[PDB]
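Student: part one of the assembly, not moved from where it sits:
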Amino acid sequence: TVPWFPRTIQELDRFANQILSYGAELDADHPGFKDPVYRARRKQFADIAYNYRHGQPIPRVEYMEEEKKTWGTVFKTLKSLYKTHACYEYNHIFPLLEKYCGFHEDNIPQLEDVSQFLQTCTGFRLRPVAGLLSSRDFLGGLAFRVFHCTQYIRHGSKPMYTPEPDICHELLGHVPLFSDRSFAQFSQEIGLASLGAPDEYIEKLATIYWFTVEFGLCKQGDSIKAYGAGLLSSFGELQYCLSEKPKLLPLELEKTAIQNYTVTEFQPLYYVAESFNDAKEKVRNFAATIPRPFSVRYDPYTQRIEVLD
């Protein structure tokens, strides 16, 4: 039988409050969680996402000095690294976000403003969530050009890296490429292919997604650049990914798909795509092979899924 999947953009709210985590709460290496004050702060952002409903404007928040300081350190350090570490596509867009989306070190962008901006670029919109969603739900959202985004920020004691998708990751790692026409169409396409697919294919798609969209590397000309959202939001792992420490292998879905990866530490291995474009094509081609007893058609005017066959 086919698992239930959203057919309308409003139906996304059904799983909006089903949050997970990478299981680092009990990690002595990430004391952030244990922080009682930080926990209460996190609870506030969670309540906003829980009470939020489709179509409503994303509530604006006033960040604390510790949080603004963290964003400042993260933003400034990454902007410096992008010049020599980020792929061409990313660097060509980033300037636009800074000028038309308020991306600056002395100001944490409000999701409502970012969402309005994205809508004008590619039709993508933000949907605040309490935290990490399952791969099926996240991918399913992309089918409607909806990016479930967190609003809280990583603990200030370790800005260099966090084993959770905080606002820095969502905005500096994902948002930029979601504002790109081609990447946006690519994203929606894989999301559409995931709707109602068996979990063994969802998890396989998730692993491929992990080694490309999240932590992929690609060569442009005779150099190697990072294009994975997870690398672009971690100045700690961004430095490491192009260093002599990690192991590098050519992108090959057949092998990449069955490869294991870590979710609480820097990746010990990365896959290098022949180019940013080839990465998109490979992932796109694999998603199209995902079997299901039907076909789907998205109507952008009504924002509804049409199940055929």
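Tutor: Received the coordinates, thanks. Numbering: from 1, shown residues only, chains lettered A, B, ... in the order given.
Student: gap between the strand or helix carrying residue A:120 and the chain center?
Tutor: Assigned by DSSP states H and E, residue A:120 falls within helix A:111-122. Mean-position distance between helix A:111-122 and its chain equals 15 Å (CA atoms, centre = their mean, to the nearest Å).
Student: and if you look at stretch A:233-252?
Tutor: For stretch A:233-252, the distance to the chain centre is 18 Å (CA atoms, centre = their mean).
Student: please identify the buried residues of that stretch?
Tutor: A:233, A:234, A:235, A:237, A:238, A:239, A:240, A:241, A:242, A:246, A:251 (16 or more other CB atoms under 10 Å). Every residue, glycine included, has its C-beta placed from N, CA and C.
Student: with only the CA atoms kept, save that stretch in CSV.
Tutor: In CSV, the C-alpha atoms belonging to stretch A:233-252 read as follows (Å, rounded to 0.1, in the frame of the first residue of the first chain):
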residue,chain,number,x,y,z
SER,A,233,26.8,26.8,7.3
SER,A,234,29.7,25.3,9.4
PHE,A,235,32.9,27.3,9.2
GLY,A,236,34.5,24.5,11.1
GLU,A,237,33.6,21.8,8.6
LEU,A,238,33.9,24.1,5.6
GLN,A,239,37.7,24.5,6.4
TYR,A,240,38.0,20.7,7.0
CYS,A,241,36.2,19.5,3.8
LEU,A,242,38.9,21.0,1.6
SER,A,243,41.7,19.9,3.9
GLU,A,244,44.0,16.8,3.9
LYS,A,245,42.0,15.2,6.7
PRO,A,246,38.9,13.9,4.9
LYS,A,247,38.7,11.1,2.3
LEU,A,248,37.4,12.0,-1.1
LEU,A,249,35.8,9.8,-3.7
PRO,A,250,34.1,10.5,-7.1
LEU,A,251,30.3,10.8,-7.0
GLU,A,252,28.8,7.5,-8.0
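Student: with the structure above as the base, add chain B:
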Amino acid sequence: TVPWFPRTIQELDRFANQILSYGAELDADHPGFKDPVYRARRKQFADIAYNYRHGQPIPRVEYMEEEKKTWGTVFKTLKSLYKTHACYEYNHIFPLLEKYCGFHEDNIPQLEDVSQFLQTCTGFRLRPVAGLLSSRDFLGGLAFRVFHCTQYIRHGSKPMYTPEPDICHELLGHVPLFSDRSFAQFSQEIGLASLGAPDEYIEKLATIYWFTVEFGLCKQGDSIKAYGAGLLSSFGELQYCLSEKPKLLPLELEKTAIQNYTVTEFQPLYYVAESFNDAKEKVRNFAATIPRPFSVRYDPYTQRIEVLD
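Tutor: Below, chain B sits with the chains from the block before:
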């Protein structure tokens, strides 16, 4: 040279206040205009359309007893006539408007509510206008699935017919079919083909549009039905169009396009299409022949026109 045309949905506001008329103001047969109280009332609706801007919610209005009485007479009389005079497609949709869009004789629907409804059906939205727009501007709007709609109602002394596109015409004549998926795509398609086209083709398209979408007749089975918006909002002309008075000829674009028509009286001649579907196909096929030094592509996610070639 190519005439200027909107490339964004916001750019539509450029010509929103360029109003025209069918020149009946000096008509002794339409004393409505001359009415000073009616004129002041009309001025109120005009100011709302003038100050209105893209994206804003359409202002709600409280109608006068004379106006509500007029809507009641028009609605009730037409609903009775539709049973035997309107085409199948129209009658299948009308019930939905009554149940989910508040279409009743004791209540003039607010455009904001109608627009929200249309958006869920086919992505069409309403844009309040002070009155009649040029064919180029009206058609251009359809390219963005935008229907420039009036908010005022015809003078109460003659509910049976009016030589102007009042709210009864917009809501009972146009809205129903704009809520139909196929008709909506058809409408946007002709609008896209009209963008930046030479006026000799625009006026020809307008004449064809007049004898089909506005006053077309079509046979379904062994009977003849009306599907033209202008017939479906005039209980006076709706009775006449299927009577022995008017002249009827088969729909033939080559002849229909060069045919003359009246704009202040019942049509002396109507064209009968082989079927409602054949009418759409014929008009669709003609619009595709409209020559221009470029091609257009509409991006529904960004609501922008892309000029190619």
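Student: returning to that earlier point: briefly note if the helix holding residue A:120 comes near chain B.
Tutor: Yes. Applying CB under 8 Å from any CB of the partner chain, one finds helix A:111-122 in contact with chain B at A:120, A:121, A:122.
Student: burial count for the last one?
Tutor: A count of neighbours around residue A:122, defined by other CB atoms under 10 Å in any protein chain shown, yields 22.
Student: not counting sequence-adjacent ones, nearest residue to it?
Tutor: residue A:184 (3.6 Å; CB to CB, 6 or more residues apart in numbering or on different chains).
Student: re the thing from before, ok, whichever helix or strand comes after the helix holding residue A:120: who's next to it in the sheet?
Tutor: Downstream of helix A:111-122, the next assigned helix or strand under DSSP H and E is strand A:125-128. Take DSSP bridges as the rule and strand A:125-128 pairs in its sheet with strand A:146-149 (parallel).
Student: what sits up against the partner strand?
Tutor: Under the criterion CB atoms under 8 Å, 6 or more residues apart in numbering or on different chains, residues A:9, A:12, A:16, A:111, A:118, A:124-129, A:133, A:137-138, A:141, A:167, A:170-171, A:174-175, A:178 lie in contact with strand A:146-149.
Student: and what of stretch A:66-78?
Tutor: A:41, A:63, A:103-108, A:153-156, A:159, A:167-168, A:172, A:232-233, A:235, A:238.
Student: let's see it at 7 Å
Tutor: A:105, A:106, A:108, A:153, A:154, A:156, A:159, A:168, A:172, A:235, A:238 (CB atoms under 7 Å, 6 or more residues apart in numbering or on different chains).
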